[PDB]
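Residue numbers (the deposited numbering), protein chains in the order written: chain B, 1 to 146; chain E, 260 to 690, 718 to 926; chain D, 154 to 683, 822 to 1029; chain A, 1 to 141; chain C, 148 to 157, 162 to 405. Ideal placement from N, C-alpha and C gives every residue a C-beta, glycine not left out.
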Ligand code: HEM
Ligand code: HEM
Ligand SMILES: *[C@@H]1O[C@H](CO)[C@@H](O)[C@H](O)[C@H]1NC(C)=O
Ligand SMILES: *[C@@H]1O[C@H](CO)[C@@H](O)[C@H](O)[C@H]1NC(C)=O
Ligand SMILES: [Ca+2]
Ligand SMILES: [Ca+2]
Ligand SMILES: [Ca+2]
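Rendered as structure tokens:
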């Protein structure tokens, strides 16, 4: 359904305050650490075994950064996500064949890293809104390959 | 190429618009709009040889296709010579349905029209668009301040202030919708906003985005002696009209003066006080509450059909004086301060001058911070009169007219003691005790803002030396009375200091010997207050009438009541008296009642105030001189 | 034969590992089913590896491989070889390879215990050296028996043994032992029962520690509560100061602490704002011990340091011994000068610093009932020594004076000439005589200094029940009639009590002694438990001067002029609210009317507030002669204090049983004129404010007094409600009239 | 799964939570009712509003159950058996919901306890709540 | 035809069945909306487990009770009815039922049975592929078919992982999962993946498929019986197909 204005507004204002050069890469490497089987898709990077290796490897944050940007574009246009991500969805889904459920796993670990940085100011309504956003994202991203 | 490829448009408004169908091996089929973008549309328009200045996606009057979807996830760079040379997965393998069939409309720009309908002017209402002579509306889905601002800009009405609807004539639902996903906002036209969609898709069952921009009804004041005073005329649409005095509330005048940045409303004047207007009178009452930022957001009510005449045009006077300038600076942000009063420019006296006053001056002139206040006629003395107005700013006011001003009795300013300022000139340079309820800055309960809160002083050990420290610290002259026992009523909050024993030489109250912050045994019934020598108050005294607002005008100053001299007193002054007492707009000077056995001290005569000031205290006069009035010099007035 | 070989495999050395036996050239293992220390002792002897240290299942050495050679062995351990242990035969087993036993012997183990980072050699973190490496033990289950074993092994004193790590860091590396729980008699910690070696879930934040002490260094004190019996509980252990965390801190633990300091019982976790003390970073945690312990150190399983608690900050206590009242120098224990012991010193209280509510609460805590009067001017004699400079600004509902807030007196010396005295309402001096126990007997009351038997004419079992209950003897079983315990040789008291049977003290029952009927000498009570007053004047409207008349049995009558003391006059005037004292006037000869008298010779001690409590002659209606009528005048309800004359001074008025002041709010020359004029001094010259004649005492009875100056009396003037004042004694009104 | 390392980490992290576990449990539940409104259909008679006593107490229960679980973590099914049957059979709770509340509970502990939420613990905590939500689900039918 | 998938291969893990590489997998749904697996064993018969068939039912249920409550899908979205079901006479040790179809299914690129083996392929270390429709990491039924590769584990290690000892009179249930698996000579065990992937609720009924590279033929070596593992316990347990071949041939003949 459509997002009520004060949800999207609290979301965007927070994403504004979100440091865009670190969080995404930590969320990604965290997905790598908690559910190690995703390393298979990224295994061109190197050893994805220790937390220090994952957190340090410059290609992990390079990818996380580009994905977080793509998500910024999502938050930008929240009613039409499918078309905006249609090609990215093809890259990951058609060429790579990532299972779309791990998008939500990452999105969930993302909200966790989000909550990690923002502590008490990340409130149950704000979480419920970001969950709605990263949901709509996960779905649009999962739209290919029915 | 390959196995016989061709592209055509079907069910278009023209041969180069419509749903796009590709013939492959002899059969026609459609393409899904999955990933269909402006580069794809541009390639399609280019291949048909039509103008590509404006290219819309979507199917206008075009049916849904049938059969095969040959291409999917088309992604052109715009240089491809044909759509089947762009990237795609393969041919005939798809998940798309015929509801997602791509369509195009290619245009040269000559037919797209934009207008506002139903908002009472051409610059407020529902956003209606006409594309290929088909009317539709912009959907509120994806509608932000950027899209509204682009639309507002295209009509040359400035910026969008509100997405509000205004109850007027309602427009037939258009079944065709335009979706804009987003523009940056620097575009000249909404159609220049990228990737806008015309028809096909359904927005959402909520629709009919309506807007009011800052140019919907534009007020101005005409014919007053200062820019913040005059008759109100409002342009609605492209026509200016006067407003009737019945149709313009105090709240609406407050909104206007705030919007005009003229401060607070000082007076509303009926009866064409600034002269009759000319032309149209608006038949709408603004029933705003008065907290609204703009008259464009105030509700309008239809006239009960009452005929107003220009003899009833409303006039407003607001509080700010704006005519201040710097003279003989090397830059416009330095110079001698000259003020225009009574129509004449004159140098301001420096006798009560400081960096906060200069800061306020530099800020009002948009010159940033004051860098120095050079003493002496460094910018020259000027050849004019020296204005002896003493401002008493806190340094936080935005305009000098918002600052307290005293001109009565001000000492003679030496010719070399003129105010001057050097401002930084760059808007990037930046950088308490009060009396309450005393009827002026120099009397009341003493409240101090300390540690983030206002608090009171106990009357324990409260003496004349402590009051003298307070009065001196505020520039209020000498202490006349140190009142205890909550004479001005009980204060609220903490009592910060108690058993005060100032020697009278301390620059700050907390430098006096005290028990220390917050250690006190008093209650607010013992809160101390002061009345200093610079407390001024006005009254009318009558011996013969219970009319509190008709009598001889006496001012209390420097501890005594005295009469005002009738010499040079104008009917403007009478208007001031009648407004200040809240009695009426006008009155007459009565002959004085000779039956009075007592000569009174007079303090000042020849007091001449312009139109605008609400209190006699604001009216220029002669210096303070205590003389005995003759009964013939007493001014007795009766307000209507 | 010589075809039997033994080795230990995978235990890091030749004296630790899984048991492998070579038989017919094949190695195989032994299951741990029915395996014990005697098997390990055989193995450790065979390898010359010393004593057995541990046996374990496959978990510590992993599964073996091959045949299981022996199973369900039953040896006593006195065998030359393991194959001499009882066995079912080679290759007979029920075990799998998950039950392969392994052992570690002392020569392959190498165990030592030390303390690290202690304040002394007998405190610190416990570290064990094993096979050359040092590691810690987790405190999961670490108890006082373990600490006692550790102290014994170190040769340290075992009189007092604490757990925990004082200033000791977290360990690193291996945690070798976990949840050790022996019986306490074992000679070494590795001889107690424990889990499998090297198998643990603990981390290095959990490290056991001990402090061994003889008790000579453990100190306990309260700081910041103004006395040794109130404040934050500070402890000093091995010269380290710390505080008790409130987690698990209840009134029972606080009462244990209060008892250890000899401060009586803990009354409240209250904090008292007095000293702001530096945070101690070290906390003591308790674990719910019963409260009947004599010392906090006698509480079980208390932990000294090592844990952080968050939301559980500073624990402070106020015990009853923070301030202990007593009454000194009165004729009965519930009357006297108030002295309060604060800390270890007794002090008097100033008459300005002790309200009626505080005296009521104090005697109630002392169980002496309600306040009858406050008496300034050292009425009960001078106190001695220090005077407390603190005002109790209590409301009077507090259970103990320790709970009412106190404010420090602003700089000023009180002297014992202004010591406050209080008398409250209960009579406590009642006794049983000739009982077999002190809680049965004939009831004797002491009045006028003499003990006497109470008459039984109305003495029922409910009254006796209340007395025995007061004496904590339970219920009354009988009220034997007659002098079964003898009549006594003294006077018989004819006092009539009117208890409901629910009162806690005999002094709470209404008492009448005036006119009470006689009692025959043999009708004495014994038990075995398990009216209107007026002054009449014919010629003046004066409620406070006149002939004393009592309404009784439906008629007003005079009191006969006989045996009335100034104490009796004080009683009548207090009940009438006139003054403490007064004088007997000559009777007015101008009255021709003879009045019925009901009672005479009424003699009451000091203490009673009402004439009903005053002993007298029986009721007898006789005609008074005009010469026998008693006319009295008590002094005025209004006085001037500390002025140079009797008509200048601070204004004090007697109301509600206390003296009090007048606020200068609305105080004017006409109010002062009325008060002095009522005293018959001439015109008012000045109304002074701000206690010009010194500060007064007690309640500010009147505020916003607004006389017209033509009223006969200040009681006739419009004023605020009696006893409701916002003013302080700083605002006490004063006058000087001609 | 659940190596020694994991087990140790989960215990050490769940200790430092202590008595606040209850209020978090309720905060966790509140988030869940806000995030996934369908789970409200499992609590008909409960007052679901902010800080409701019923929510707060049930949360104190889930908290103490969890602490119990971590006290002896090496056998979960004996300890949780009665809750197995309570949610599994009688209440028939759809297994997606445990993973919902699990994740909300991870967000909650993250938000309120930033310093301890290093990746290793986020890992073994998620594994731990997996293992539990499984033991509760495996008697579903 | 046995063992010739059109696109041969190269649960909460990876390896999405993107090309439809396991055409013998069928998806059965119970009356109470639960999805489980089944294995096509000829053009008219499929193998599954008795427990799967006994879902949403009492422990004392017959064939006519269970038969009308099932729903069955083959391939992608092709509904297939059911003629009858034949349960194994023993269910405490052979958790197996056969379903017989009313008509022959059409065989093509997307729907084809796996072959029944003539050799014993259950040698320790051999890695087989299990495809499944079961629940994912979010404990929701997966949206797309997936598969994982698991190696066969040591049978005794499995016995020890579930039961105290391998010796009968010393055994006690020690399953980290409440429900106990069925372990006997008719079963074998297999460890989970090495990137930490395993089977979970709903995977039962799928084939333990072995790809024989000498002949290029895929064989159903086991049928996953205990489907309650969730990467929390260590090993899945499979029924040995060699030990039921005769019963299967008999049921098919009848
Ligand atoms: C869930 C949020 C995700 C976001 C926001 C996202 C977005 C992106 C974007 C925009 C790129 C770069 C596109 C390009 O280079 O053309 C990228 C790279 C990539 N994505 Fe994702 N994606 C997400 C999920 C995933 C996941 C979960 C995986 C694998 C498990 C994945 C697989 C990849 C790979 C392998 C690359 C790098 C390709 C290469 O190095 O050649 N994506 N992601
Ligand atoms: C770690 C996860 C969980 C634990 C430890 C747990 C445990 C409990 C406990 C202790 C109770 C209350 C028993 C009592 O007060 O007598 C309870 C009740 C209940 N639970 Fe859970 N539960 C969990 C997850 C869930 C979830 C996520 C749901 C639903 C979405 C659920 C459904 C219910 C219901 C319907 C009740 C009945 C409430 C009542 O009887 O008062 N459980 N569970
Ligand atoms: C203030 O003081 C002056 C004398 O200094 C006195 O005349 C005047 O009445 C006072 N004002 C009052 C009491 O309000
Ligand atoms: C513990 O305290 C003692 C006594 O002050 C000191 O000697 C010792 O170094 C301390 N140990 C630490 C801080 O580890
Ligand atoms: Ca495209
Ligand atoms: Ca045995
Ligand atoms: Ca122990």
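Whose C-alpha, out of the options, is nearest the C-alpha of residue i?
i: residue 560 of chain E; options: E:506, E:804, E:492, E:823; result: E:506
i: residue 520 of chain D; options: D:661, D:927, D:608, D:236; result: D:661
i: residue 171 of chain D; options: D:155, D:912, D:218; result: D:218
i: residue 468 of chain E; options: E:492, E:269, E:439; result: E:439
i: residue 643 of chain D; options: D:470, D:936, D:524, D:675; result: D:675
i: residue 155 of chain D; options: D:165, D:164, D:174; result: D:174
i: residue 125 of chain B; options: A:107, A:12, A:129, A:83; result: A:107
i: residue 257 of chain C; options: C:196, C:170, C:201; result: C:196
i: residue 253 of chain D; options: D:241, D:220, D:183; result: D:183
Kindly indicate the opening and closing residues of the alpha helix (DSSP H) around residue i.
i: residue 238 of chain D; result: Premise fails: residue 238 of chain D is in no alpha helix (DSSP H) and is neither H nor E.
i: residue 40 of chain B; result: 39 to 42
i: residue 427 of chain E; result: Where residue 427 of chain E is concerned, there is no enclosing alpha helix (DSSP H), given that its DSSP letter is neither H nor E.
i: residue 25 of chain B; result: 23 to 34
Using a Cβ-Cβ cut-off of 6 Å (strictly less than) and excluding sequence neighbours within five positions of residue i, which residues of its own chain qualify?
i: residue 612 of chain D; result: 678
i: residue 837 of chain D; result: 826, 827, 828
From the DSSP output, read off the bridge partner residues of residue i.
i: residue 313 of chain C; result: Answer is none; residue 313 of chain C lacks a bridge partner.
i: residue 479 of chain E; result: E:492
State the start and end residues of the unbroken beta strand (DSSP E) segment that holds residue i.
i: residue 874 of chain E; result: 873 to 876
i: residue 166 of chain D; result: 157 to 166
i: residue 125 of chain B; result: Note, residue 125 of chain B: premise wrong, no beta strand (DSSP E); alpha helix (DSSP H) at 124 to 141.
For residue i, I'd like the list of residues in its chain whose CB is within less than 8 Å of its CB, leaving aside the five on either flank, ordered along the chain.
i: residue 317 of chain C; result: 307, 310, 311
i: residue 356 of chain E; result: 291
i: residue 664 of chain E; result: 648, 649, 650, 651, 904
Which residues are close to ligand 5, meaning CB closer than 7 Å to any heavy atom, in chain order? Proximity annotation: ligand 5 has residues E:294, E:295, E:296, E:298, E:299, E:333, E:334, E:335 in chain order, each selected because its CB is closer than 7 Å to a heavy atom of the ligand.
How would the residue list near ligand 4 read, in chain order, if you kept each one whose beta-carbon is closer than 5 Å to any heavy atom? Those residues placing their Cβ nearer than 5 Å to any heavy atom of ligand 4 are, following chain order, D:270, D:272, D:320.
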